Amino acid sequence: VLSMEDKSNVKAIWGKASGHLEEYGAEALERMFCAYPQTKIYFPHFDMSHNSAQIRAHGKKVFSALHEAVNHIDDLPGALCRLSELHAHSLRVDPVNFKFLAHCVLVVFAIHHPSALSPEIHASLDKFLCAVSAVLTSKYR
Amino acid sequence: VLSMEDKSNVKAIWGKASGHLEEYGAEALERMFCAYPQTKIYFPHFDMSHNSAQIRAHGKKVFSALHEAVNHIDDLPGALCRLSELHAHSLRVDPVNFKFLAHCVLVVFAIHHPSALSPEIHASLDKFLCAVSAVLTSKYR
Amino acid sequence: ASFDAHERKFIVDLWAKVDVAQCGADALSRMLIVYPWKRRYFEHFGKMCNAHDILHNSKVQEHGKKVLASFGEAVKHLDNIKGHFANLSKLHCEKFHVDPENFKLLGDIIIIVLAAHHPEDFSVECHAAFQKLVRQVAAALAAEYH
Amino acid sequence: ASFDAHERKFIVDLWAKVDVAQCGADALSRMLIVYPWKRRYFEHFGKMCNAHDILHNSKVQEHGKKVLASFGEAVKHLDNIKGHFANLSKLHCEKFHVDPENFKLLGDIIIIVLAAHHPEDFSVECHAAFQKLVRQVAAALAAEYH
Ligand code: HEM
Ligand code: HEM
Ligand code: HEM
Ligand code: HEM
């Protein structure tokens, strides 16, 4: 469960990605594809070049959803409900891959905002990404 | 989430372990120690012999807790609350090990009740053991 | 890690009693019922909306047999499991696009099917030998992903 | 899997810029803050009730340095990582009783600390080279468990 302190920590680090949703979402994606190459089996129709239009457009969508989640961090299940359905019934991605992405998101914040991503804030952001992965996986069976 | 059908499936398979809580809990444990030997780092004070008094007494405790959980399968969090605390604050076992045990429990029911553990009932029991592992892990951070 | 002589004799002796067609059909059917989202890979086989469909789907039953017959050839290549599965590993990645986490999930289900069909042979130590086998088959099949 | 020449040059070139004491102290401190139950292993080091305590605990800071200095010797044994860590693997299992899942968790944290300290060198491909290194160090340290 996310505490009041966790929630303020996450809102503070996340306000630094403001204005950079496409830039940071595309990097997290490129990092996931390169460090965990098994995750490419879910994107066979994508051009995997650096900075490809597809990887940019999807990176933006993913980060935009995370932004909505931060703004509604009291009710994650109601905020991620449509996405939860989409992943369970159509895309059907194995739950283990949500940890790979979450890790790559931490890496991108560590590169762009190293001093902001302190040990206490890293712990809050790690919890938040688990809570988001858990909602995205909640309708699978 | 456990459905009405899942709940009836689990109550039915679990009523077959009645009268065998010590026998089956000790076997699940022996299986976990032998198939996933890394789990022994949590029991350095135990005699690891087959059918040791310690492995019997603990196997019984574990299965007894699972029995209470089946009888209160509507409110797992209120049924496993004290155990949840104990694992988070004292025993502090990494969450990944709860899947090893859950798997070993399925194996023991497959050996003693192969025809009862049908594919549909296997799916319900797998869900139930995940839901129990999730409650036991819920207070960790 | 190699297989010691004891581990090898557990694996070789039991495997010779296994009905590979029956067990293979059971393992794949259980995987699709216990983890329903894995039906994404087999929607070309026809009706799979529920467990009754899966168990009556003849193409699923056949695929489960050829999957377990292929896994069983590990038992005659115990020294060279990575090398024996390397082409199959590249097909999974390049042609079928199968997530490699599935190899460890099916391995765990195969252990439950072996336990139910051979309760008297599937002792604690026999189980530990198979759990190692299933681990190494999963890693060989995941190896050539890129 | 061996390291190709490109992977080796990413790992060797970056490692030579790393401040091992600073980074090692940071990685261990982050692990104990992000996963608080891991403090069970270090309760002989004194006060660790909160994050402020952990970061001011001198024995934790020293242990993080010697852990990362030992991991860094992988960089001069890239062909032989399993063999180089085999004694250390048995100590973790037999003497310290450390759950081997911790080796992959610390590996992931070390990647976040390297990213924060070397943002310009820690490119996508550099990251993929380190992720492989951290994977193989974790498996070597888990190897001798029994
Ligand atoms: C925080 C985690 C995630 C979030 C917030 C997220 C969010 C999204 C969103 C917003 C979309 C677009 C859906 C739409 O267009 O309506 C989507 C599509 C998709 N997601 Fe996820 N996702 C996450 C994790 C993952 C992971 C781990 C994978 C696979 C490894 C994945 C695979 C996909 C795929 C394949 C699509 C469709 C891509 C396409 O064809 O354009 N997602 N996701
Ligand atoms: C379904 C999963 C589990 C249940 C229901 C469960 C239940 C219990 C119970 C009832 C006890 C006794 C507590 C007491 O005496 O008040 C206990 C103790 C303990 N549990 Fe768990 N447990 C589970 C999973 C695990 C796992 C996976 C591990 C380690 C791999 C573990 C390690 C321990 C240990 C070390 C003790 C103390 C043992 C002793 O010193 O006698 N538990 N657990
Ligand atoms: C031990 C595990 C496995 C083994 C030994 C195995 C082996 C095989 C073999 C021998 C084939 C036939 C390849 C050919 O046509 O030349 C195959 C095909 C295939 N396997 Fe696997 N497999 C395994 C696990 C899985 C799992 C877990 C899945 C999915 C959940 C899967 C999905 C596929 C698919 C989709 C095909 C192609 C089916 C088709 O389109 O006809 N495999 N596998
Ligand atoms: C890459 C990962 C790791 C490496 C390379 C590493 C290396 C070492 C080394 C070199 C020592 C000193 C051994 C000696 O005295 O001869 C050590 C001790 C120890 N390590 Fe690790 N370690 C790693 C991960 C971990 C993790 C993740 C934990 C716990 C979370 C841990 C817990 C311990 C403990 C408890 C000791 C003994 C400390 C003491 O009582 O003084 N290690 N490790």
Side-chain angles (χ1 to χ4, degrees), chain A residues 38 40-45 84-97 137-141, chain B residues 1 3-6 9 106 110 114-115 117-127, chain C residues 18-73 85 87-114 116-117 134 137-138 141-142 145:
Chain A
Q38 66 268 40
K40 296 188 270 181
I41 62 85
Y42 295 97
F43 300 81
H45 57 304
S84 197
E85 289 276 279
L86 206 222
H87 287 69
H89 296 138
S90 339
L91 303 169
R92 290 182 278 179
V93 170
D94 193 81
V96 78
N97 302 292
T137 263
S138 64
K139 279 167 193 190
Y140 268 54
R141 41 136 102 154
Chain B
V1 152
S3 62
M4 250 48 239
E5 179 250 356
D6 288 315
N9 282 341
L106 292 175
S115 93
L117 186 84
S118 69
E120 287 216 308
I121 302 272
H122 177 173
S124 304
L125 189 56
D126 196 77
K127 274 173 82 174
Chain C
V18 171
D19 181 346
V20 179
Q22 216 243 95
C23 288
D26 188 16
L28 188 60
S29 304
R30 283 183 188 252
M31 213 198 176
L32 297 180
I33 291 163
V34 172
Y35 306 108
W37 61 96
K38 281 146 209 301
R39 285 165 230 208
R40 65 194 287 258
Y41 294 107
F42 298 105
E43 309 217 295
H44 60 291
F45 286 172
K47 247 306 214 75
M48 286 185 318
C49 286
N50 53 55
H52 179 261
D53 283 345
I54 285 144
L55 292 165
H56 292 293
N57 192 303
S58 187
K59 274 177 192 181
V60 162
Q61 306 313 115
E62 297 316 278
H63 191 63
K65 312 175 168 169
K66 57 110 47 30
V67 165
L68 198 71
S70 161
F71 176 101
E73 322 159 298
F85 278 111
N87 296 346
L88 237 198
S89 188
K90 313 158 194 314
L91 269 165
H92 286 65
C93 176
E94 274 125 77
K95 178 174 206 277
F96 316 140
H97 307 114
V98 169
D99 183 338
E101 170 67 12
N102 287 310
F103 302 130
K104 111 100 202 79
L105 268 9
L106 213 223
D108 287 327
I109 285 178
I110 285 172
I111 275 146
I112 294 156
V113 172
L114 258 19
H117 284 76
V134 124
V137 173
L141 254 356
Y145 278 62

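Computation of the quantities below employed the complete heavy-atom set of this structure, encompassing side-chain atoms and omitting hydrogens, waters and symmetry-equivalent molecules. Proteins come first, then strands; the chains are lettered A, B, ... in the order of their sequence lines, and each starts at number 1.
- The two atoms that bring C:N57 and C:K59 nearest to each other are OD1-N, 2.9 Å, heavy atoms only.
- A distance of 9.5 Å separates CG in C:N102 from OH in C:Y35, rounded to the nearest 0.5 Å.
- Residues passing the side chain to side chain contact (heavy atoms under 4.5 Å, CB included) test with C:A21 are C:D19, C:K65, sequence neighbours excluded.
- Taken from CG in C:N87 to CG in C:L91, the straight-line distance is 7.5 Å, to the nearest 0.5 Å.
- In this model, no donor atom of one side chain and acceptor atom of the other lie less than 3.5 Å apart for C:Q22 and C:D26.
- A:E85 is linked by a salt bridge (charged side-chain N to carboxylate O under 4.0 Å, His left out) to A:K139, counting only residues two or more places apart in sequence or in another chain.
- The two atoms that bring C:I110 and C:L68 nearest to each other are CD1-CD1, 3.6 Å, heavy atoms only.
- Between C:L141 and C:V137 the shortest side-chain heavy-atom distance falls below 4.5 Å.
- Here A:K40 pairs with nothing under the salt bridge (charged side-chain N to carboxylate O under 4.0 Å, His left out) rule; sequence neighbours left out.
- With sequence neighbours excluded, no residue forms a side-chain hydrogen bond (donor to acceptor under 3.5 Å, both in side chains) with A:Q38.
- Checked against side chain to side chain contact (heavy atoms under 4.5 Å, CB included), B:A123 has the following partners two or more places apart in sequence or in another chain: C:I33, C:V34.
- The salt bridge (charged side-chain N to carboxylate O under 4.0 Å, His left out) check on C:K66 picks up nothing, with sequence neighbours excluded.
- Note that CE of C:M48 and NE2 of C:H44 are 9.0 Å apart. Values are rounded to the nearest 0.5 Å.
- Salt bridge absent: C:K38 and C:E101 never bring a charged side-chain N and a carboxylate O closer than 4.0 Å.
- Between C:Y41 and C:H97, the distance separating the two ring centers is not shorter than 6.0 angstrom.
- Contact annotation: the side chain of C:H117 never approaches that of B:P114 to less than 4.5 Å [non-hydrogen atoms, C-beta and beyond].
- Residues meeting the salt bridge (charged side-chain N to carboxylate O under 4.0 Å, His left out) test with C:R39, sequence neighbours left out: none.
- A donor and an acceptor atom, one from each side chain of A:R92 and A:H87, are nowhere located under 3.5 Å apart.
- Atom CD of B:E120 sits about 11.0 Å away from atom CZ of C:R30, to the nearest 0.5 Å.
- Here the closest non-hydrogen pair linking B:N9 and B:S124 is ND2-OG, 2.9 Å.
- Residues forming a side-chain hydrogen bond (donor to acceptor under 3.5 Å, both in side chains) with A:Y42 (at least two apart in sequence, or on another chain): A:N97, C:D99.
- The two atoms that bring C:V60 and C:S29 nearest to each other are CG1-OG, 4.0 Å, heavy atoms only.
- Shown here are the side-chain hydrogen bond (donor to acceptor under 3.5 Å, both in side chains) partners of C:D53, two or more places apart in sequence or in another chain: C:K47.
- With sequence neighbours excluded, the residues that form a side chain to side chain contact (heavy atoms under 4.5 Å, CB included) with A:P95 are A:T137, A:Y140, C:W37.
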**Q.** Check against ring pair (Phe, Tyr, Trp, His ring centres under 6.0 Å), C:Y145 and C:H92
**A.** CA-CA 8 Å; C:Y145 278 62; C:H92 286 65; 7.9 Å; no
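- Rounded to the nearest 0.5 Å, atoms CG (B:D126) and CD1 (C:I112) are 7.5 Å apart.
- Between atom CG of residue C:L88 and atom SG of residue C:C93 there is a gap of 12.5 Å, rounded to the nearest 0.5 Å.
- With hydrogens and angles left out, the side-chain atoms of C:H56 and C:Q61 include no donor and acceptor closer than 3.5 Å.
- Across every non-hydrogen atom of B:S3 and B:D6, the tightest pair is OG-OD2, 2.8 Å.
- With a 4.5 Å cut-off on side-chain heavy atoms, C:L105 and A:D94 count as touching.
- Contact between C:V113 and C:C23 at its shortest, heavy atoms only, is CG1-O, 3.8 Å.
- Residues satisfying the side-chain hydrogen bond (donor to acceptor under 3.5 Å, both in side chains) test with C:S70, not counting sequence neighbours, are none.
- The side-chain contact (heavy atoms from CB on, under 4.5 Å) test with C:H52 singles out one residue from C:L55, C:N50, C:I54, and that residue is C:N50.
- Considering only heavy atoms from C-beta on, A:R141 comes within 4.5 Å of B:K127 through its side chain.
- Residues forming a side chain to side chain contact (heavy atoms under 4.5 Å, CB included) with C:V67 (at least two apart in sequence, or on another chain): C:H63, C:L106.
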